[PDB]
Structure formats: structure tokens, C-alpha cells
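Quick notes on the structure that follows.
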Amino acid sequence: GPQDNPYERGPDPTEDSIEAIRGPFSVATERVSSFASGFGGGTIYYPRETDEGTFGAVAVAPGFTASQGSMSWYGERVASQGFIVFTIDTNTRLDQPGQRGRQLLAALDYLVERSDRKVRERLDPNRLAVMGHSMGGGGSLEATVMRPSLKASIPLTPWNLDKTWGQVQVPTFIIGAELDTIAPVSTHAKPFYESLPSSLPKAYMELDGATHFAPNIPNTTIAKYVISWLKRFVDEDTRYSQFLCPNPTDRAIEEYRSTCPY
Ligand SMILES: [Ca+2]
Ligand SMILES: [Zn+2]
Ligand SMILES: [Zn+2]
Ligand SMILES: [Zn+2]
Ligand SMILES: [Zn+2]
Ligand SMILES: [Zn+2]
Ligand SMILES: [Zn+2]
Ligand SMILES: [Zn+2]
């Protein structure tokens, strides 16, 4: 409960509450121009209620050739659980993973320093996270090397030719798609997971039969554990450890790996 952690938001969770398409907070939006420095604009989703305190934030990058619309459903789904969610566009649709990581950080720096005051008054600027799809997921890994003070990283069906992530010390949850032919889990997602420190709080979830664009379509299996990961590590909320440890056994999951307990 709140006596043990000033960052806990929302009622005590259940499997139903993390599977729900909306959490307990209502959500408002705010668009950001592509002339924002260091990235290509995007959309900020944020909780409306301020009665429980300020919130952490996650920047969300799209993949190669893609734009923020490929990631829009995370906005209200995750922000309603008590997060500021920033779906961003890249400088160009052909930007590479390192560039996407710089742009995730530029977008977080926008929230902390330049965002509308309705957003800033609800933001804990010290509790920030990254998430992204395909090359944006490669950028998620990149961003945590660039900024080790981030609190969580969620690479979704990630793409990156750089396979070695032993320097990463931000808790990282990689989601792979079993049938991914664009970023095969055997050469992208799983080598990334295996190269993260064995001492790091980390997880890998492989979605049975799923393809590369599974993260661009509302997916309860993705959503429930993205929410649980962000709760546990951006809010330090150990009420969500119950869903992450022991490993999820959802029928939709082909394989799950972790450094549980955490
Ligand atoms: Ca710009
Ligand atoms: Zn508590
Ligand atoms: Zn309330
Ligand atoms: Zn909406
Ligand atoms: Zn790179
Ligand atoms: Zn590297
Ligand atoms: Zn597999
Ligand atoms: Zn399968």
C-alpha cells in the first residue's frame, strides 16, 4: 500500500485489472510539433486525476518506416493505469536504432523541460522509461546505455544489428514474436536478452505464432505485462511482482525467461 511506497497509484491490482483495456485513470492528450528539438513530435497521453500524486513517463518509439500511429493504442491503454505516455515520430522514417534512442531521450527531455504545464505538474521527472517497436525497440536498448538513470525499458519485437547489451543496467523486458520474419527472435530479441547482465532484473516473453506487427494491434498479453513491468520498475510498485514472478504461463506465451525473483 501507499504507506510503503509514495509512487503506488491505483487500487491493488488483479489479473483482470492488468488485462483491462482501461485502468482507473481517465486520459487526456496533447500533440507536440515535429519542430520539437531532437525528434519528430508526437502525442502525450496523461492521467487527468491528480489526487494520488505525480506520475512516471514512458516514451514510445515506432519502427522502420513507421509513425506514431502504429503505437497509438498504448496511449490510452497504459496512461489509464497511471503513466504519462509519449508516442513519438522520428526525425525521418528511415532513422536507425541509435538515432531512435537519441530521439527517445530527446522526447523525454521535452517532457521534463519544455512540455505544457498541465503535463509538467503531473510528471515526476526522475521516473522515466523507454519502449519501442522494431527499430524503436532497438532504440529502447540504445537509450538505456545512453541514459542508465532510466527506470525501465521495453523493446517490442526489437530490431538491432548491435547484439551485445552487457552494459545495460536498466530493467529490460523484451517481447519477441515467434513468427517474426523482420526481426527474427533467434538473431535479434533472444541474443539481446541473453547479452543483458545476468544480475539485471530482466524478462523475455515470446508470443506464440505472432508476427512482427503483433505490437501494433491491441494485445492483452502484451498490455498486461507492459503495464506490470512499468508499474514494478517505474513506480517501484512491488504489488505487480505477483504477475511477473513466477514467470507468466499465459497460453499465448511460447517461452518466457526471467531473472525472477524481483
Ligand atoms: Ca524536430
Ligand atoms: Zn505498498
Ligand atoms: Zn482518485
Ligand atoms: Zn483517445
Ligand atoms: Zn546503435
Ligand atoms: Zn552497443
Ligand atoms: Zn521460440
Ligand atoms: Zn508456437
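Whatever order the structure lists them in is the order used to number ligands and atoms, beginning at 1. Basis for what follows: all heavy atoms, side chains included, without hydrogens, waters or symmetry-related copies. Along the sequence shown, the residues carry numbers beginning at 1.
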| field | Residue-atom pairs from the protein, N, O or S only, that lie under 2.8 Å from the Zn ion (ligand 6) | value | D162 OD2

| message | Please verify the inter-ring angle class for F55 with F25; under 30° counts as parallel, over 60° as perpendicular, anything in between as tilted. | response | perpendicular

| Angle class for the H133/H212 ring planes (parallel below 30°, perpendicular above 60°, tilted otherwise)? | tilted

| request: Please name the residue in the list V130, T172, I175 that meets the side-chain contact (heavy atoms from CB on, under 4.5 Å) test with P155. | output: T172

| said: Between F83 and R9, is there a side-chain heavy-atom distance shorter than 4.5 Å? | reply: no

| Side chains of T65 and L94 in contact at under 4.5 Å (non-hydrogen atoms) | yes

| field | Nearby protein N/O/S atoms (those under 2.8 Å) for the Zn ion (ligand 4), with water ignored | value | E76 OE1, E76 OE2

| said: Whether the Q68 and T43 side chains hold a donor-acceptor pair (N or O, under 3.5 Å, no angle test) is what I'd like checked. | reply: yes

| request: Only counting residues at least two apart or in another chain, list the ones meeting ring-ring contact (aromatic ring centres under 6.0 Å, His included) with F243. | output: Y240

| query | From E178, does some N, O or S atom reach closer than 2.8 Å to the Zn ion (ligand 7)? | reply | no

| field | side-chain hydrogen bond (donor to acceptor under 3.5 Å, both in side chains) contacts in which one or both residues fall within residues 135-149, not counting sequence neighbours | value | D109-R147, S140-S153, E142-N160

| field | Salt bridge present between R251 and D208 (N-O < 4.0 angstrom) | value | no

| How is the N/O/S atom of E206 that comes nearest to the Zn ion (ligand 7) named? | OE2

| request: Test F233 against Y262 for ring-ring contact (aromatic ring centres under 6.0 Å, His included), laying out the working first. | output: CA-CA 10 Å; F233 294 102; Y262 39 71; 5.6 Å; yes

